[PDB]
Structure formats: C-alpha cells, structure tokens
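Heads up, the thing below is written out as structure tokens.
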Amino acid sequence: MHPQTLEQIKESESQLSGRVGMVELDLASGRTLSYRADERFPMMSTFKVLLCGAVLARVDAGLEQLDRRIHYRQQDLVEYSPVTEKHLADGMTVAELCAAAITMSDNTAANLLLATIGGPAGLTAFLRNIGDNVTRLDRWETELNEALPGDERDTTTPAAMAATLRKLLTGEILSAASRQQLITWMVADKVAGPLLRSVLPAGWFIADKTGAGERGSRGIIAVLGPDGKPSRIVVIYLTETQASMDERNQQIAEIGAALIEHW
Numbered sequence: 025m026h027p028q029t030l031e032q033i034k035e036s037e038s039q040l041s042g043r044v045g046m047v048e049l050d051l052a053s054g055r056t057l058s060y061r062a063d064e065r066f067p068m069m070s071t072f073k074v075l076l077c078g079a080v081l082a083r084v085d086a087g088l089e090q091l092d093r094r095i096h097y098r099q100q101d102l103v104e105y106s107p108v109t110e111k112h113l114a115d116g117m118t119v120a121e122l123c124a125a126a127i128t129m130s131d132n133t134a135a136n137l138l139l140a141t142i143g144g145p146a147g148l149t150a151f152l153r154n155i156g157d158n159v160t161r162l163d164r165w166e167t168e169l170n171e172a173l174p175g176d177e178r179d180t181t182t183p184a185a186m187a188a189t190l191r192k193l194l195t196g197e198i199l200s201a202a203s204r205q206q207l208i209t210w211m212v213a214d215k216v217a218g219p220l221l222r223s224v225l226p227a228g229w230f231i232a233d234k235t236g237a238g240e241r242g243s244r245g246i247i248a249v250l251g252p254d255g256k257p258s259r260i261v262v263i264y265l266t267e268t269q270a271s272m273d274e275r276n277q278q279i280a281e282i283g284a285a286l287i288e289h290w
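Going by the entry's author numbering, the letters in the sequence shown line up with residues 25 to 58, 60 to 238, 240 to 252, 254 to 290, in that order.
Put into structure tokens, the structure is as follows:
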C-alpha cells in the first residue's frame with residue numbers, strides 16, 4: 025500500500041533529506057508523470074547507455090564494427106573494471122566492451138568506447154546532433170561521478186534523458202537491429218537487482234541501467251511494462268544525500284512500488 029507516486033517521491037525526498045528527480049513517459053500516448062523534471066542531476070553510469078547508442082550509430086554507418094578487437098594495457102585500467110581486467114591479454118571486441126559497460130558497468134570498458142567516439146565532447150556533439158541540448162558529458166571515468174552541487178558538468182535533466190532514451194531506444198536514429206541490440210544489453214543488467222527489479226511483478230518486462238556517484243548520488247533509467256513488453260520509460264535520479272547506499276536503493280524501490288501500484 026503506497027500513496028500516489030508523486031506523494032511517495034516527496035516522502036522519499038524528505039527521508040533522504042536530499043533531491044529527487046523523476047520522469048515517467050508513456051511510449052504510446054506521450055503522457056508524463058514528472060517531478061523536478063527540468064532540474065539538473067549527475068548521470069553517473071546511466072550515461073553508458075548513450076555511449077553505446079553512439080557506438081551503434083557508427084556501426085550502422087559502417088565506421089565501426091562490432092567484432093573489432095581492442096587491445097589495452099594495465100595502465101588503462103581504472104577503479105571497478107571487473108570484466109576488462111580479466112581480458113588484459115586477449116583484449117575485447119567492441120561488442121564485448123558494450124556488454125561489459127552496460128551489464129556490469131565496467132568503467133575501463135566505458136573509457137575505451139569513449140575514446141572511439143571522440144571522448145566526452147564526442148558524446149556531447151552526438152547528443153546535440155540528435156536534438157538534446159541539455160545533456161552533457163565533460164569527463165571520463167571515474168572523475169565524472171564527483172557530483173558537486175551546482176556543477177553542470179556530466180549532468181542531464183530527467184525530461185531530457187527520457188526524451189533522448191525515447192529517440193534512441195524506440196526512435197529512428199538507430200537501425201532496427203541496433204535498437205534491439207541496445208535494449209538486449211539493458212535487459213541483461215546484472216547489477217540492478219535491489220532497485221526496480223526488486224519490486225517488479227512476475228511477467229513484467231524491464232531493461233535498465235544504474236548509476237551511483240558521490241554526495242549520496244544514485245540513479246536509474248529503465249524501460250518497463252506489463254505482459255512482457257516495454258510500454259514506458261522511467262528515469263529516477265537522486266543526489267545531495269548522506270544516506271547509505273542500500274538506503275538509496277530502498278527509496279528508489281519504494282518509488283518503484285508506488286509507480287507499479289498506480290500504473
């Protein structure tokens with residue numbers, strides 16, 4: 025038993041004594057539920074879905090290949106690189122790196138793919154070219170998770186994120202096969218268990234990507251729906268709190284439960 029979603033968000037924000045942003049966007053109708062929709066939040070690892078979107082655009086155009094192998098050095102490793110550190114000798118394909126970046130949130134994998142599209146400014150240009158004038162990436166992993174208040178670097182707004190995900194995952198920017206490939210990596214997410222997944226009824230579709238950052243930051247972007256098909260995009264960001272991590276998970280889960288109850 026939960027209050028209406030917006031009311032649950034207010035209560036969660038109070039408990040965390042922080043800042044919470046949300047957009048629920050219905051794919052068919054364009055109906056939205058929103060809260061702080063136009064305020065900036067740090068993306069943290071949620072940016073990795075955009076990164077892979079830009080890589081797949083280059084695959085579509087013949088400039089990149091998914092089976093291309095990339096070799097890197099022990100020097101190139103940053104903190105939290107659970108997949109990439111296992112393949113130091115043999116390297117990884119572009120496709121393998123996308124899967125690592127999305128399913129495990131491997132940081133070195135993200136930085137490797139970033140280098141292929143022209144770094145942070147490369148991703149930001151891609152975004153501008155597809156009609157997003159808000160979202161911006163300025164730094165690499167792991168500096169981009171610093172989440173200083175008032176700092177506009179490595180931020181998006183819930184409204185802009187939701188709109189961009191709608192274009193990438195369900196629009197005409199990527200080919201049919203690339204769209205499906207991006208969603209498939211999201212469905213296979215291995216590190217988002219304690220969040221939306223923990224309150225999701227049986228039979229429901231979910232494809233998500235999580236983020237965490240400094241200053242009590244946590245986020246999640248998701249495509250979800252009843254009866255095994257995606258029907259809405261959900262973006263949740265929270266920041267500027269001193270809450271424990273699994274306390275931040277719990278509040279996201281709670282907002283999720285209200286969202287599902289009052290679907």
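Note that CB positions come from ideal geometry on N, CA and C, so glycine has one too.
Expressed to the nearest angstrom, what Euclidean distance is found between the alpha-carbon atoms of residue i and residue j?
i      : j      : result
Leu138 : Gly147 : 11 angstroms
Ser38  : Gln269 : 12 angstroms
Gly251 : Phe66  : 25 angstroms
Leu220 : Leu49  : 19 angstroms
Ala140 : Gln206 : 21 angstroms
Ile33  : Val103 : 34 angstroms
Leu30  : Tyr60  : 7 angstroms
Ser258 : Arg178 : 31 angstroms
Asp63  : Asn158 : 12 angstroms
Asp176 : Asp163 : 11 angstroms
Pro145 : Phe72  : 10 angstroms
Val47  : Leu57  : 6 angstroms
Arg83  : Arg161 : 19 angstroms
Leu173 : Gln100 : 27 angstroms
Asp273 : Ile246 : 14 angstroms
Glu168 : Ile142 : 19 angstroms
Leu51  : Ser223 : 23 angstroms
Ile208 : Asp214 : 10 angstroms
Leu40  : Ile95  : 42 angstroms
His289 : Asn154 : 36 angstroms
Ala114 : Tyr97  : 8 angstroms
Tell whether a beta-carbon distance below 8 angstroms holds between residue i and residue j.
i      : j      : result
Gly255 : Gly283 : no
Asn170 : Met25  : no
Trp210 : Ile127 : yes
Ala232 : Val212 : yes
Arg275 : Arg241 : no
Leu265 : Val44  : yes
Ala248 : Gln28  : no
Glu166 : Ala188 : no
So what does DSSP say about residue i, is it helix, strand or coil?
i          : result
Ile263     : strand
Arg164     : coil
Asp254     : coil
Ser38      : helix
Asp176     : coil
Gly236     : strand
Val103     : coil
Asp273     : helix
residue 23 : No statement about residue 23 is possible, as the shown extent of the chain runs from 25 to 290 and does not include it.
residue 21 : A query on residue 21 cannot be resolved here, the shown segment of the chain reaching from 25 to 290 and no further.
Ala217     : coil
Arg94      : strand
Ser203     : helix
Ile282     : helix
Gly245     : strand
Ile198     : coil
Pull up the CB-CB distance for residue i and residue j, whole angstroms please, since I reckon it's below 8 angstroms.
i      : j      : result
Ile260 : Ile279 : Rounded, the Cβ-Cβ distance is 16 angstroms, inconsistent with contact.
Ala124 : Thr109 : Their Cβ separation, rounded to whole angstroms, is 11 angstroms, which puts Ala124 and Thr109 out of contact at 8 angstroms.
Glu281 : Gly42  : So it is not a contact: roughly 14 angstroms between Cβ atoms.
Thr235 : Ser130 : 7 angstroms
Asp85  : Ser271 : So it is not a contact: roughly 42 angstroms between Cβ atoms.
Item to check | the stretch 62–80 contacting the stretch 182–197, beta-carbon criterion three pairs below 8 angstroms | outcome: Three or more beta-carbon pairs drawn from the stretch 62–80 and the stretch 182–197 are found closer than 8 angstroms, and the two stretches are therefore classed as touching.
Checklist entry - Using 8 angstroms as the threshold, is the stretch 111–123 in touch with the stretch 84–92, meaning 3 or more CB pairs across them? => result By the Cβ criterion, the stretch 111–123 is in contact with the stretch 84–92, since at least three pairs of Cβ atoms, one from each stretch, lie closer than 8 angstroms.
Checklist entry - Do three or more CB pairs link the stretch 172–189 to the stretch 198–213 at distances below 8 angstroms? => result The stretch 172–189, when compared against the stretch 198–213, does not touch it at the 8 angstroms Cβ threshold.
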